[PDB]
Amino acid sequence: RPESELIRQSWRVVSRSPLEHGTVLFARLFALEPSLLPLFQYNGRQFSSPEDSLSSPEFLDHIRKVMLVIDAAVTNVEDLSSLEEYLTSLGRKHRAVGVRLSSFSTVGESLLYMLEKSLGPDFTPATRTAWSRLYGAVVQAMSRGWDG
């Protein structure tokens, strides 16, 4: 496809340094939606502030995990049916550790921001569209995980 290459080449710059880009993604996330902050419960503490999240090794390990799932989605961009079953468990595994569904849209907007910031003009409207389609299929898979 056109779309599949737009994804792959955009993701290339990001995969150089997933934690750095993932940190943008999560900092944006809490900027948009500070109420997600308590859902990362790591040794019975809530982060008080967004920046607290940035000092948690477990939060950063979570950033790595997020980026690796998106990396898988990119590897399978031509056919995402192969990751559907995982993504559904991930969604289930989300709700099971407490996380809400609505907020995955906010993750998607955060991902787009991170790409846009990282790629600047190379992030064309068609890349945005393609990413929005890629990520949208991730979330649709994942949403099955909230059985229904």
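Numbering starts at 1 and follows the sequence shown.
Per the entry, higher mean C-alpha B factor between 80 to 88 and 27 to 35:
Stretch with the greater average CA B-factor: 80 to 88.
So, looking at the entry's B-factor column for Cα atoms, which has the higher mean, 39 to 47 or 65 to 73?
Per the PDB record, 39 to 47.
Out of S56, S110, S118, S103, whose C-alpha atom has the biggest B factor in the entry?
Of the candidates given, the C-alpha B-factor peaks at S103.
Based on the entry's values, in what third of the chain does the Cα temperature factor of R12 lie: lowest, middle or highest?
Its C-alpha B-factor, which the entry lists for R12, ranks in the highest third among residues of this chain.
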